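Chemist: Structure provided below as structure tokens; questions to follow.
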Amino acid sequence: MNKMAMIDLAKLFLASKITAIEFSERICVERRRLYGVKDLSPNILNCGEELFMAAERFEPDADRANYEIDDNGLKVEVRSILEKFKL
Amino acid sequence: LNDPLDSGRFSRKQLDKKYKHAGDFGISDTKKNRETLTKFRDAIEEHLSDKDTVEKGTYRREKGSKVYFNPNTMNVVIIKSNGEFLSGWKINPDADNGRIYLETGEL
């Protein structure tokens, strides 16, 4: 079970190999896959949760809520999250 | 004339945007269509109508929102101040975000 799955997803996203929409959907699949998986670094676990929440705030529509972000904003946050956890 | 899924607390549009979380509510279907969006809609209503589901906290960014939590499934459903469905997912008690919510109600 690739325990770095969520982090790898984030890297694919920052390199623009996958879109913000693809990232936001796949992150939910990977999170669900790693949910409750014992023998998982807390650093990696929490990094994923923050990536998951960052994705939740993403909305492609121009009429998004003021607290929501576009793909550029998601890119900035994802990078910030990975650096925070030094991943 | 609105879509058949537009009623009560839901809109087909919102359900479509949040289907990515359907897996947290017992819906493993990978395909997103009217049938699966309906399953998702029904699953959310079942969560909200559960006797074990109770109000707990808020999703601060969505002002005045109320979150409804179920200790058994660990799922939360966020309802806007106007009562409309916003989103939902499973709380992970082992993560700092999960613990913060359980201890303070802040999602």
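If you're wondering about the labels, chains in the structure tokens are A, B, ... by order shown, residues count from 1 in each chain, ligands from 1 in order shown.
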Residues of chain B within 7 Å of chain A, using only C-alpha atoms, as a VMD selection string?
Modeler: chain B and resid 20 to 21 61 95 to 96
Chemist: So how many Å separate atom CA of residue 9 of chain B and atom CA of residue 85 of chain B, to one decimal?
Modeler: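 For atom CA of residue 9 of chain B relative to atom CA of residue 85 of chain B, the distance reads 5.4 Å.
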Chemist: Quick one: distance from atom CA of residue 30 of chain A to atom CA of residue 6 of chain A in Å, one decimal?
Modeler: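 Spanning atom CA of residue 30 of chain A to atom CA of residue 6 of chain A is a straight-line distance of 6.1 Å.
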Chemist: Could you jot down the atom CA of residue 97 of chain B to atom CA of residue 48 of chain B separation for me, Å, one decimal place?
Modeler: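 These atoms are spaced 22.2 Å apart.
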Chemist: Tell me, as a PyMOL selection string, which residues lie within 10 Å of residue 1 of chain A, counting only C-alpha atoms; anything in the same chain fewer than 5 positions away does not count.
Modeler: chain A and resi 33-34+37
Chemist: Can you spit out the residues from that selection as a tab-separated table (two decimals), in the first residue's frame, using N, CA and C atoms?
Modeler:
chain	number	residue	atom	x	y	z
A	33	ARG	N	-8.51	5.37	0.85
A	33	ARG	CA	-7.69	4.16	0.78
A	33	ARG	C	-6.73	4.04	1.96
A	34	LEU	N	-6.21	5.17	2.42
A	34	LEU	CA	-5.27	5.18	3.54
A	34	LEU	C	-5.92	5.41	4.90
A	37	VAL	N	-5.18	3.22	8.15
A	37	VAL	CA	-4.04	2.35	7.89
A	37	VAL	C	-2.96	2.58	8.94
Chemist: Which residues are near residue 50 of chain B? Cut-off 12 Å, only C-alpha atoms, ignore same chain within fewer than 6 positions. Put them as a list in words.
Modeler: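 The residues satisfying every condition are residues 43, 44, 68, 69, 70, 71, 72, 73 and 75 of chain B.
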Chemist: Write out as number ranges by chain the set of residues from chain B that DSSP, computed on the backbone, places in strand (DSSP E or B).
Modeler: B: 7, 10, 54-55, 58, 66-69, 75-79, 85-90, 106
Chemist: Report as a PDB file with N, CA, C and O atoms, in the first residue's frame all protein, DNA and RNA residues lying within 7 Å of residue 90 of chain B, evaluated on only C-alpha atoms, omitting residues in the same chain fewer than 3 positions from it.
Modeler:
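Final file, result_37.pdb:
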ATOM      1  N   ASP B  24     -17.490   7.961   1.346  1.00  0.00           N
ATOM      2  CA  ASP B  24     -17.461   8.013   2.804  1.00  0.00           C
ATOM      3  C   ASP B  24     -18.816   7.624   3.380  1.00  0.00           C
ATOM      4  O   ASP B  24     -18.926   7.312   4.563  1.00  0.00           O
ATOM      5  N   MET B  74     -18.699   8.213  11.937  1.00  0.00           N
ATOM      6  CA  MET B  74     -17.694   9.274  12.021  1.00  0.00           C
ATOM      7  C   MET B  74     -17.876  10.295  10.888  1.00  0.00           C
ATOM      8  O   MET B  74     -17.004  11.132  10.640  1.00  0.00           O
ATOM      9  N   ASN B  75     -19.015  10.239  10.207  1.00  0.00           N
ATOM     10  CA  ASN B  75     -19.270  11.181   9.124  1.00  0.00           C
ATOM     11  C   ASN B  75     -19.857  12.496   9.607  1.00  0.00           C
ATOM     12  O   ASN B  75     -20.525  12.555  10.637  1.00  0.00           O
ATOM     13  N   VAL B  76     -19.586  13.554   8.851  1.00  0.00           N
ATOM     14  CA  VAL B  76     -20.126  14.871   9.145  1.00  0.00           C
ATOM     15  C   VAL B  76     -20.766  15.372   7.863  1.00  0.00           C
ATOM     16  O   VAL B  76     -20.321  15.036   6.757  1.00  0.00           O
TER      17      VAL B  76
END
Chemist: Can you pull out the residues contacting segment 13-15 of chain B? Cut-off 8 Å, using only C-alpha atoms, and skip same-chain residues under 3 positions away; I want them as a compact mmCIF listing (two decimals) with N, CA and C atoms, in the first residue's frame.
Modeler:
# COMPACT_ATOMS: atom_id res chain seq x y z
N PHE B 10 -31.24 19.88 -1.28
CA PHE B 10 -30.33 19.57 -2.37
C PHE B 10 -30.58 20.17 -3.74
N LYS B 18 -19.93 17.37 -5.09
CA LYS B 18 -19.46 16.66 -3.91
C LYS B 18 -19.51 15.13 -3.96
N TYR B 19 -19.86 14.57 -5.11
CA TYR B 19 -19.94 13.12 -5.24
C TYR B 19 -18.63 12.44 -4.83
N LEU B 37 -25.86 9.73 -8.16
CA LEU B 37 -26.05 11.00 -7.47
C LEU B 37 -27.27 10.84 -6.56
N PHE B 40 -26.31 8.98 -3.50
CA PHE B 40 -25.58 9.91 -2.63
C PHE B 40 -26.59 10.78 -1.87
N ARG B 41 -27.54 11.36 -2.60
CA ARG B 41 -28.58 12.21 -2.01
C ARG B 41 -29.30 11.42 -0.91
N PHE B 85 -27.64 21.80 1.75
CA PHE B 85 -26.52 20.88 1.88
C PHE B 85 -25.28 21.48 1.22
N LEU B 86 -24.15 21.44 1.91
CA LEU B 86 -22.90 21.97 1.36
C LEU B 86 -21.94 20.85 0.99
Chemist: Quick one: of A:3, A:87, A:58, A:8, who's nearest to residue 40 of chain A, counting only C-alpha atoms?
Modeler: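 Residue with the minimum atom-to-atom distance to residue 40 of chain A: A:3.
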Chemist: Identify, on the basis of only C-alpha atoms, every residue whose closest approach to residue 56 of chain B does not exceed 12 Å; exclude the query and any residue fewer than 2 positions from it along the same chain; express the result as an mmCIF file with N, CA and C atoms, in the first residue's frame.
Modeler:
data_model
loop_
_atom_site.group_PDB
_atom_site.id
_atom_site.type_symbol
_atom_site.label_atom_id
_atom_site.label_comp_id
_atom_site.auth_asym_id
_atom_site.auth_seq_id
_atom_site.Cartn_x
_atom_site.Cartn_y
_atom_site.Cartn_z
ATOM 1 N N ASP B 52 -28.875 8.741 15.788
ATOM 2 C CA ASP B 52 -27.550 8.907 16.380
ATOM 3 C C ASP B 52 -26.774 10.094 15.811
ATOM 4 N N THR B 53 -27.349 10.766 14.819
ATOM 5 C CA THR B 53 -26.697 11.927 14.224
ATOM 6 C C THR B 53 -27.187 13.164 14.975
ATOM 7 N N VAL B 54 -26.248 13.999 15.416
ATOM 8 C CA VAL B 54 -26.588 15.204 16.168
ATOM 9 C C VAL B 54 -25.754 16.402 15.732
ATOM 10 N N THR B 58 -19.223 23.725 13.592
ATOM 11 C CA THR B 58 -19.461 24.493 12.385
ATOM 12 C C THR B 58 -18.262 24.422 11.444
ATOM 13 N N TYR B 59 -18.480 24.841 10.201
ATOM 14 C CA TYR B 59 -17.430 24.905 9.189
ATOM 15 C C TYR B 59 -17.319 26.422 9.072
ATOM 16 N N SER B 65 -22.896 28.136 9.351
ATOM 17 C CA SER B 65 -23.135 26.743 9.002
ATOM 18 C C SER B 65 -23.195 25.874 10.257
ATOM 19 N N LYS B 66 -23.960 24.792 10.185
ATOM 20 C CA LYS B 66 -24.074 23.861 11.300
ATOM 21 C C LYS B 66 -23.671 22.495 10.769
ATOM 22 N N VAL B 67 -22.830 21.801 11.526
ATOM 23 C CA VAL B 67 -22.355 20.486 11.138
ATOM 24 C C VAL B 67 -23.111 19.422 11.914
ATOM 25 N N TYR B 68 -23.447 18.329 11.238
ATOM 26 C CA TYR B 68 -24.166 17.225 11.863
ATOM 27 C C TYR B 68 -23.284 15.987 11.814
ATOM 28 N N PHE B 69 -22.908 15.524 13.001
ATOM 29 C CA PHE B 69 -22.000 14.400 13.189
ATOM 30 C C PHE B 69 -22.637 13.106 13.701
ATOM 31 N N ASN B 70 -22.122 11.976 13.220
ATOM 32 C CA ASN B 70 -22.587 10.652 13.641
ATOM 33 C C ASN B 70 -21.363 9.914 14.189
ATOM 34 N N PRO B 71 -21.328 9.663 15.511
ATOM 35 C CA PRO B 71 -20.214 8.974 16.178
ATOM 36 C C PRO B 71 -19.932 7.554 15.696
ATOM 37 N N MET B 74 -18.699 8.213 11.937
ATOM 38 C CA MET B 74 -17.694 9.274 12.021
ATOM 39 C C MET B 74 -17.876 10.295 10.888
ATOM 40 N N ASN B 75 -19.015 10.239 10.207
ATOM 41 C CA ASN B 75 -19.270 11.181 9.124
ATOM 42 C C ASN B 75 -19.857 12.496 9.607
ATOM 43 N N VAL B 76 -19.586 13.554 8.851
ATOM 44 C CA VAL B 76 -20.126 14.871 9.145
ATOM 45 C C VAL B 76 -20.766 15.372 7.863
ATOM 46 N N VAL B 77 -21.821 16.158 8.013
ATOM 47 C CA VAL B 77 -22.494 16.754 6.875
ATOM 48 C C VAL B 77 -22.638 18.224 7.241
ATOM 49 N N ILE B 78 -22.161 19.093 6.362
ATOM 50 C CA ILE B 78 -22.221 20.526 6.599
ATOM 51 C C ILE B 78 -23.462 21.121 5.950
ATOM 52 N N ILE B 79 -24.223 21.867 6.741
ATOM 53 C CA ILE B 79 -25.441 22.520 6.282
ATOM 54 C C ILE B 79 -25.262 24.027 6.432
ATOM 55 N N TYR B 101 -11.562 18.823 15.702
ATOM 56 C CA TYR B 101 -13.009 18.871 15.528
ATOM 57 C C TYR B 101 -13.727 18.217 16.706
ATOM 58 N N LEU B 102 -13.311 17.003 17.049
ATOM 59 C CA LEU B 102 -13.927 16.274 18.151
ATOM 60 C C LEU B 102 -13.867 17.042 19.467
ATOM 61 N N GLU B 103 -12.737 17.697 19.720
ATOM 62 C CA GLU B 103 -12.550 18.456 20.952
ATOM 63 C C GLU B 103 -13.188 19.842 20.961
ATOM 64 N N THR B 104 -13.258 20.491 19.801
ATOM 65 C CA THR B 104 -13.783 21.853 19.740
ATOM 66 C C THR B 104 -14.948 22.128 18.800
ATOM 67 N N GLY B 105 -15.267 21.179 17.927
ATOM 68 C CA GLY B 105 -16.363 21.391 16.998
ATOM 69 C C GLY B 105 -15.979 22.221 15.782
ATOM 70 N N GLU B 106 -14.709 22.609 15.692
ATOM 71 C CA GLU B 106 -14.239 23.401 14.560
ATOM 72 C C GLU B 106 -13.834 22.487 13.414
ATOM 73 N N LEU B 107 -14.543 22.594 12.296
ATOM 74 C CA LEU B 107 -14.247 21.766 11.135
ATOM 75 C C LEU B 107 -13.461 22.555 10.089
#
